[PDB]
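Q:
There are 2 protein chains.
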Amino acid sequence: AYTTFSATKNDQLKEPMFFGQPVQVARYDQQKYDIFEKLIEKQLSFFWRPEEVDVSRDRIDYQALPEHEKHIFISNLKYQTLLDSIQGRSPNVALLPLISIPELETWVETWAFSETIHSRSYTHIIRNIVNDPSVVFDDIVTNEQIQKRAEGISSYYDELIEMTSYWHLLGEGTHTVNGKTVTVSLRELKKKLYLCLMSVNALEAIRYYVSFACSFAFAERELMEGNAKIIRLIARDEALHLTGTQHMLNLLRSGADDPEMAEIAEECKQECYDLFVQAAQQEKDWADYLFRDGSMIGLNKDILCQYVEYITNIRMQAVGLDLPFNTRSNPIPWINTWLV
Amino acid sequence: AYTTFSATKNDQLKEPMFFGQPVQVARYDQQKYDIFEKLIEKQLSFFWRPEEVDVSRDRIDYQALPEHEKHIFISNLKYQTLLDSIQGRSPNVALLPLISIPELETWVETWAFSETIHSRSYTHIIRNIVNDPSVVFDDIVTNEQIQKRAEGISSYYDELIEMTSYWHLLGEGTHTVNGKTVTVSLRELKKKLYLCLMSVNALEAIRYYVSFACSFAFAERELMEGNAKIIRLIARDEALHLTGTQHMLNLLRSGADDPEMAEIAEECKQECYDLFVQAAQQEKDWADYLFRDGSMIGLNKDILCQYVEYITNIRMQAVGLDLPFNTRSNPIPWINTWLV
Ligand SMILES: [Fe+3]
Ligand SMILES: [Fe+3]
Ligand SMILES: [Fe+3]
Ligand SMILES: [Fe+3]
Ligand SMILES: [Hg+2]
Ligand SMILES: [Hg+2]
Ligand SMILES: [Hg+2]
Ligand SMILES: [Hg+2]
Ligand SMILES: [Hg+2]
Ligand SMILES: [Hg+2]
Ligand SMILES: [Hg+2]
Ligand SMILES: [Hg+2]
Ligand SMILES: [Hg+2]
Ligand SMILES: [Hg+2]
Ligand SMILES: [Hg+2]
Ligand SMILES: [Hg+2]
Ligand SMILES: [Hg+2]
Ligand SMILES: [Hg+2]
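If you're matching them up, the sequences are chains B and A in order.
Every letter in the first sequence is one number past the one before it in the authors' numbering, and letter 204, counting from 1, is 204.
Every letter in the second sequence is one number past the one before it in the authors' numbering, and letter 287, counting from 1, is 287.
#1: Do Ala-219/B and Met-296/B come within 8 Å of each other at the CB atom, strictly closer than that value?
#2: Flag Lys-269/A as yes when its Cβ comes closer than 7 Å to any non-hydrogen atom of ligand 16, and as no otherwise.
#3: Mind pulling the chain A residues with CB within less than 9 Å of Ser-119/B?
#4: With a threshold of 7 Å, establish whether the CB of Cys-305/A neighbours any heavy atom of ligand 15.
#5: Using a Cβ-Cβ cut-off of less than 9 Å, list which residues of the region 31 to 47 of chain B approach chain A; keep chain order.
#6: Would you mind stating whether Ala-228/B and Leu-304/B have Cβ atoms separated by less than 8 Å?
#7: How big is the Cα-Cα spacing for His-118/B and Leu-323/A?
#8: If you check the beta carbons only, do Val-141/B and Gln-30/A fall under 8 Å apart?
#9: For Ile-146/A, which option in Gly-226/A, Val-184/A and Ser-211/A has the closest C-alpha, if you only look at C-alpha atoms?
#10: Quick one: residues in its chain with C-beta nearer than 7 Å to the C-beta of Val-340/B, no 5 flanking neighbours on either side, listed in chain order?
#11: Taking the straight line between their C-alpha atoms, what separation do you get for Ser-90/A and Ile-72/A?
#12: Is it the case that the CB of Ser-90/A approaches a heavy atom of ligand 6 more closely than 7 Å?
#13: Looking at C-alpha atoms only, which residue of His-168/A, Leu-82/A and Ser-154/A is the closest neighbour of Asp-139/A?
#14: Would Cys-268/B and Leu-321/B be called neighbours here (beta carbons separated by less than 8 Å)?
#15: When you compare only the Cα positions, how much space is there between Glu-204/A and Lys-78/B?
#16: Could you name the residues that DSSP lists as bridge partners for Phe-18/B?
#17: Alpha carbon to alpha carbon, what distance is there between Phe-5/B and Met-17/A?
#18: What is the DSSP secondary structure of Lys-78/A, reduced to helix, strand or coil?
#19: Can you have a look at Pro-259/B and say buried or exposed, based on whether 16 or more other CB atoms are within 10 angstroms of its CB?
#20: Could you name the residues of chain A that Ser-85/B contacts, counting a contact when the two beta carbons are closer than 8 Å?
#21: Check whether chain B comes within 8 Å of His-241/A, counting only Cβ atoms and requiring the distance to be less than that.
#22: Going by DSSP, name the residue or residues bridged to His-175/B.
#23: What does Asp-302/B reach in chain A if we use C-beta pairs closer than 9 Å?
#24: What is the residue span of the alpha helix (DSSP H) that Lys-9/A lies within?
#25: What's the gap between the Cα of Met-163/A and the Cα of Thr-183/A?
#26: Considering only the beta carbon of each residue, do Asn-201/B and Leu-249/B sit closer than 8 Å?
#27: Could you check whether the Cβ of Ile-234/B sits closer than 7 Å to any heavy atom belonging to ligand 1?
#28: Using 8 Å as the threshold, is the C-beta distance between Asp-58/B and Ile-129/B below it?
#29: How about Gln-282/A and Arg-149/A: do their beta carbons lie closer than 8 Å?
#30: Output, in chain order, the set of chain B residues within a Cβ distance shorter than 9 Å of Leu-169/A.
#31: Does the beta carbon of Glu-225/A fall short of 7 Å from some heavy atom of ligand 3?
#32: If you measure from the beta carbon of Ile-140/A to each beta carbon in chain B, is any gap under 8 Å?
#33: Closest by CA to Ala-94/B, which one among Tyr-2/A, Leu-290/A and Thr-176/A?
#34: Report the option in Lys-38/B, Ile-35/B, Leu-96/B and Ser-85/B whose CA atom is closest to the CA atom of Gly-20/B.
#35: Per DSSP, which residues does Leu-299/B bridge with? Please list them.
#36: With 8 Å set as the bound, which would you pick, yes or no: does the beta-carbon of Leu-96/B sit closer than that to a beta-carbon of chain A?
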């Protein structure tokens with residue numbers, strides 16, 4: 001069913017965002033949704049290369065850090081490297097085979113490309129501060145706690161990729177594959193896309209924002225400046241990445257794009273709620289790992305689930321869900337000097 | 001099983017380029033083949049935005065152009081837009097699910113991203129010279145001469161993507177899928193990937209350079225200089241894209257990566273000869289439609305035919321194939337100045 005150039009002259013302004021006919025000519029002169037084209041212009045305007053940032057003094061600062069603080073810093077860096085490794089390849093292998101309008105196709109490619117610049121940033125920081133990089137890169141894959149926090153991210157992507165493969169190969173219906181019946185259903189595939197997309201939104205909206213806080217706390221003490229300059233540039237990109245996912249989900253939820261997608265949003269409302277609360281909870285549980293050997297000036301586990309509670313509430317009402325946490329002002333207003 | 005984060009701690013230096021474990025950590029501190037790292041570095045240095053090139057006088061020059069020269073100018077541009085539309089998405093959908101070392105994975109995504117910039121520069125040129133872009137864009141999909149010149153490209157990719165889905169889902173073996181026997185072999189998928197790559201090698205190395213010669217012919221008569229600026233930037237990216245496919249193909253042939261690919265390259269050497277002959281022929285048959293309303297003084301079918309002939313021999317030799325055409329000197333040496 002998938003093709004890299006569908007031979008049908010079709011009207012790309014009238015196609016749904018997903019599961020319509022595959023894009024053939026990449027046009028940018030008109031668009032169903034201007035927002036995706038604007039996010040492409042803005043992300044190209046923000047292009048930056050990690051190597052321009054001097055992180056040489058960070059090697060000295062990290063070495064002087066009080067051990068539990070070296071742990072807080074590198075543990076958070078290791079989790080940041082894991083997320084951007086998944087965000088470099090996955091928008092592309094998971095969403096590109098389903099997009100039917102060109103501007104969202106080129107936005108998903110600009111977004112995945114700015115994710116690999118973030119992964120390149122983390123090699124630039126690690127190699128500069130730790131002298132045997134292999135010690136931190138190999139601990140990403142097997143570290144129990146990084147896997148508990150990231151639990152569930154690969155799963156959503158992988159199930160969507162697998163389901164997409166059945167759909168494109170076999171189409172809808174009940175089929176037999178070696179004695180087993182396999183039912184392919186487009187409604188199910190749309191719920192899977194929807195939940196996947198709400199999970200990417202929770203990843204960029206919440207999961208990165210908790211790590212920015214740990215990086216900028218060091219920056220407030222004039223430590224790890226350098227790492228902070230890079231995390232600032234990354235934070236500016238993520239504001240756009242998050243704008244993109246919020247627009248995609250509000251458009252699907254509003255019924256403006258595919259009527260059936262709005263039905264699915266409403267039916268899936270409780271599972272979205274619980275899934276956001278589980279993402280927040282994983283961040284909280286993580287704070288226990290991070291601050292087990294003691295806290296640092298400006299940040300501890302108490303100020304952190306507070307901040308995760310605050311940021312989850314902001315992101316959840318943005319995508320029209322109900323707030324799970326009791327309303328707060330921002331517990332760490334100093335962070336806005338580094339973010340927005 | 002395809003996965004976005006393989007749970008196994010693996011030595012990424014010992015994996016093959018293709019069909020080994022899916023990459024989990026995107027690290028850039030070490031590489032099995034540093035040429036892909038050097039190419040990611042080079043491509044990022046060459047970052048350029050189309051929108052910053054002033055193509056306003058091109059509107060006056062194109063207006064002043066005689067009809068048959070407008071035809072030669074727009075047909076060429078319509079085909080280039082079709083190729084980068086396919087090259088923006090197809091590496092990422094077809095190659096990315098099969099790559100096993102991080103440097104090739106990020107080079108394939110930086111390469112695909114530079115193609116969507118080439119697609120975006122063509123919209124910038126088109127929207128500046130024509131009064132309604134849709135008569136250009138809507139003709140591309142339906143132009144039969146464009147689709148005759150293009151035949152082959154979308155199909156190798158879709159076949160490869162299809163075979164990869166059956167392998168990912170079903171695994172190797174002989175299977176019963178809806179009462180039909182479906183055999184999946186990794187050796188046949190390897191051949192498929194290998195010749196997909198030979199084909200990408202032939203579309204980049206040949207089809208693009210023909211289209212460049214037709215663009216710089218106007219520049220040599222001091223017309224279309226804004227378009228000549230963009231095309232010279234695209235050509236500088238294409239030298240990198242071509243080095244990467246010739247290096248992938250030559251490393252697979254050397255038998256230093258996967259031994260079976262070195263066998264595949266030997267066994268399939270005549271199919272690899274034939275698709276280069278077929279591609280060269282597609283390029284010559286285009287000249288009939290390209291100069292159908294009349295030629296230009298230094299640019300006609302015989303000049304385009306011996307240029308295709310000349311560049312096809314240079315390309316085939318660089319990957320160790322036999323030369324099909326009579327050796328000759330460059331029929332249009334003026335192209336050098338524009339290429340470097
Ligand atoms: Fe990121
Ligand atoms: Fe992001
Ligand atoms: Fe290109
Ligand atoms: Fe190219
Ligand atoms: Hg997703
Ligand atoms: Hg997902
Ligand atoms: Hg934090
Ligand atoms: Hg943190
Ligand atoms: Hg940090
Ligand atoms: Hg939902
Ligand atoms: Hg929802
Ligand atoms: Hg959710
Ligand atoms: Hg290919
Ligand atoms: Hg191909
Ligand atoms: Hg030409
Ligand atoms: Hg060959
Ligand atoms: Hg070959
Ligand atoms: Hg000839």
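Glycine residues also receive a C-beta, built at the ideal position from the N, C-alpha and C atoms.
A: Short version:
#1: Here residue 296/B corresponds to residue number 296 of the first sequence, with the count starting at 1. Here residue 219/B corresponds to residue number 219 of the first sequence, with the count starting at 1. No; because the gap between Cβ atoms is not below 8 Å, this pair is not in contact.
#2: Counted from its first residue, the second sequence places residue 269/A at position 269. The answer is yes for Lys-269/A.
#3: The residue you call residue 119/B lines up with position 119 of the first sequence. Ordered by position in chain A, the residues that pass the 9 Å Cβ test against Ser-119/B are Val-25, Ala-26, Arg-27, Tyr-28, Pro-102 and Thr-106.
#4: As a working mapping, residue 305/A is identified with position 305 in the second sequence. No, the Cβ of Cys-305/A stays beyond 7 Å of every heavy atom of ligand 15.
#5: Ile-40, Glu-41, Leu-44, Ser-45 and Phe-47
#6: Against the first sequence, residue 228/B aligns to sequence position 228. Against the first sequence, residue 304/B aligns to sequence position 304. No, Cβ-Cβ distance for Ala-228/B and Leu-304/B is not below 8 Å.
#7: Start at 1 with the first residue of the first sequence, and residue 118/B comes out as number 118. Start at 1 with the first residue of the second sequence, and residue 323/A comes out as number 323. So the two alpha carbons sit approximately 44 Å from each other.
#8: Taking the first residue of the first sequence as position 1, residue 141/B is located at position 141. Taking the first residue of the second sequence as position 1, residue 30/A is located at position 30. Remark: C-beta atoms of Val-141/B and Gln-30/A do not approach each other more closely than 8 Å.
#9: Counting from 1 along the second sequence, the entry for residue 146/A is found at position 146. Among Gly-226/A, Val-184/A and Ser-211/A, the Cα nearest to that of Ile-146/A belongs to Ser-211/A.
#10: For the purposes of this step, residue 340/B is identified with residue 340 of the first sequence, where counting begins at 1. These residues qualify, in order along the chain: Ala-239.
#11: Looking up residue 90/A in the second sequence gives position 90. Looking up residue 72/A in the second sequence gives position 72. In a straight line, the C-alpha of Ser-90/A is about 27 Å away from that of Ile-72/A.
#12: Position 90 of the second sequence, counted from the start, is the residue given in the question as residue 90/A. It does not: the Cβ of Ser-90/A is nowhere closer than 7 Å to a heavy atom of ligand 6.
#13: By 1-based counting over the second sequence, the position of residue 139/A is 139. Measuring C-alpha to C-alpha distances from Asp-139/A to each of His-168/A, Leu-82/A and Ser-154/A identifies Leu-82/A as the nearest.
#14: For this step, residue 268/B is matched to residue 268 along the first sequence. For this step, residue 321/B is matched to residue 321 along the first sequence. The Cβ-Cβ distance between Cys-268/B and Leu-321/B does not fall below 8 Å.
#15: Taking the second sequence and counting its residues from 1, one reaches residue 204/A at position 204. Taking the first sequence and counting its residues from 1, one reaches residue 78/B at position 78. Rounded to whole angstroms, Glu-204/A to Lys-78/B spans 38 Å at the Cα level.
#16: Reading the first sequence from its first residue, position 18 is the one you call residue 18/B. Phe-18/B pairs with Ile-99/B.
#17: For the purposes of this step, residue 17/A is identified with residue 17 of the second sequence, where counting begins at 1. For the purposes of this step, residue 5/B is identified with residue 5 of the first sequence, where counting begins at 1. C-alpha separation (whole angstroms): 27 Å.
#18: One-based indexing of the second sequence puts residue 78/A at position 78. Helix.
#19: By 1-based counting over the first sequence, the position of residue 259/B is 259. When all chains shown are included, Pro-259/B counts as exposed.
#20: Here residue 85/B refers to the residue found at position 85 of the first sequence. Residues of chain A passing the Cβ test: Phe-5, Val-23, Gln-24, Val-25 and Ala-26.
#21: On the second sequence, residue 241/A is found 241 positions in, with the first residue counted as 1. It does not: the Cβ of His-241/A has no partner Cβ on chain B nearer than 8 Å.
#22: Here residue 175/B corresponds to residue number 175 of the first sequence, with the count starting at 1. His-175/B is bridged to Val-182/B.
#23: For the purposes of this step, residue 302/B is identified with residue 302 of the first sequence, where counting begins at 1. By Cβ distance, chain A contributes nothing, its closest Cβ being about 31 Å from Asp-302/B, past 9 Å.
#24: Taking the second sequence and counting its residues from 1, one reaches residue 9/A at position 9. It is not in any alpha helix (DSSP H) - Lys-9/A carries neither H nor E in the DSSP assignment.
#25: On the second sequence, position 163 is the one that residue 163/A refers to. On the second sequence, position 183 is the one that residue 183/A refers to. Their Cα atoms are separated by approximately 10 Å.
#26: Taking the first sequence and counting its residues from 1, the one referred to as residue 201/B is at position 201. Taking the first sequence and counting its residues from 1, the one referred to as residue 249/B is at position 249. Yes, Cβ-Cβ distance for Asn-201/B and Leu-249/B is below 8 Å.
#27: Sequence index remark: in the first sequence, residue 234/B carries index 234 (1-based). Checking every heavy atom of ligand 1 against the Cβ of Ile-234/B, one is found closer than 7 Å.
#28: Numbered from 1 along the first sequence, position 58 holds the residue referred to as residue 58/B. Numbered from 1 along the first sequence, position 129 holds the residue referred to as residue 129/B. Yes, Cβ-Cβ distance for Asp-58/B and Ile-129/B is below 8 Å.
#29: To locate residue 282/A, count along the second sequence from 1; it is residue 282. To locate residue 149/A, count along the second sequence from 1; it is residue 149. Closer than 8 Å, so yes.
#30: Taking the second sequence and counting its residues from 1, one reaches residue 169/A at position 169. Correct list: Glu-162, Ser-165, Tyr-166, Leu-169 and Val-177.
#31: Counting from one through the second sequence, the residue named residue 225/A turns up at place 225. No - ligand 3 has no heavy atom lying nearer than 7 Å to the Cβ of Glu-225/A.
#32: Locating residue 140/A in the second sequence gives position 140, where the first residue counts as 1. Yes, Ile-140/A counts as interfacial toward chain B.
#33: Residue numbering aside, residue 94/B sits at position 94 when the first sequence is read from its first letter. Comparing Cα positions, the closest option is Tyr-2/A.
#34: Position 20 of the first sequence, counting from 1, holds the residue named residue 20/B. For the residues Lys-38/B, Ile-35/B, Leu-96/B and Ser-85/B, the minimum Cα distance to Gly-20/B belongs to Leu-96/B.
#35: Locating residue 299/B in the first sequence gives position 299, counting from the first residue. In DSSP, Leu-299/B forms a bridge with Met-296/B.
#36: As a first step, residue 96/B is located in the first sequence; it is residue number 96 there, counting from the start. Taking Cβ atoms only, chain A reaches closer than 8 Å to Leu-96/B, which makes this a yes.
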